[PDB]
């Protein structure tokens, strides 16, 4: 009850003053979206679980981030009455500032999916398949109502920071791929010691 209401208010707050939360709604804040998600994958690597992160720029400037960590948990979270992944993602600034966001969790030999719009879940978390892997996939589309100047990512910007993050976080393989033009796909992959 109260907990879920807290959530909605939090989404409203973020969408009303997005620059207070991500610095700006310029091109810089657009790329900050990617940094927020990649930092979560880095934390799961530092915790000992993940070692591979992939960032894909998809057609129409969707971003897909994939890690091979444990998978965000799906167990019903005691204070919300809702799956843990739903709590974590409805408290995410990226989700609030995305027109659409999808999660796929590989965990417990199961693939779970949920989708969101401006942070609001579109359906309850569902089992959609099976798996013998663990990890988490998040795909999002930046909200052009927030990012009013541009929602087009800059590969070089992405590449320079990804390269830095792999250099700083030795052992994690981090891959960037641009699939926006299916006729000319570019990938860079970084892996320091």
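Rigid core here is just the name for the largest C-alpha set that superposes within 1.5 Å across the two forms. Residue numbers count along the first chain shown, from 1.
Across the superposed structures in 9 other deposited structures of this protein, aligned by the core, the stretch whose Cα atoms lie more distant on average is 74-82, chosen from 90-98 and 74-82. The mean Cα B-factor in the deposited entry runs higher for 69-77 than for the other of 69-77 and 95-103. Once the C-alpha B-factors are averaged per stretch, 21-29 and 172-180 rank with 21-29 first. The PDB entry assigns residue 108 a C-alpha temperature factor belonging to the highest third of its chain's modelled residues. Among all modelled residues in its chain, residue 167 ranks in the highest third by Cα B-factor.
Per-chain ranking of the deposited C-alpha B factor places residue 49 in the highest third.
Ranked against the other modelled residues of its chain, the C-alpha B-factor of residue 126 as given in the entry falls in the highest third.
When the CA B factors of the chain's modelled residues are split into thirds, the value for residue 188 lands in the lowest one.
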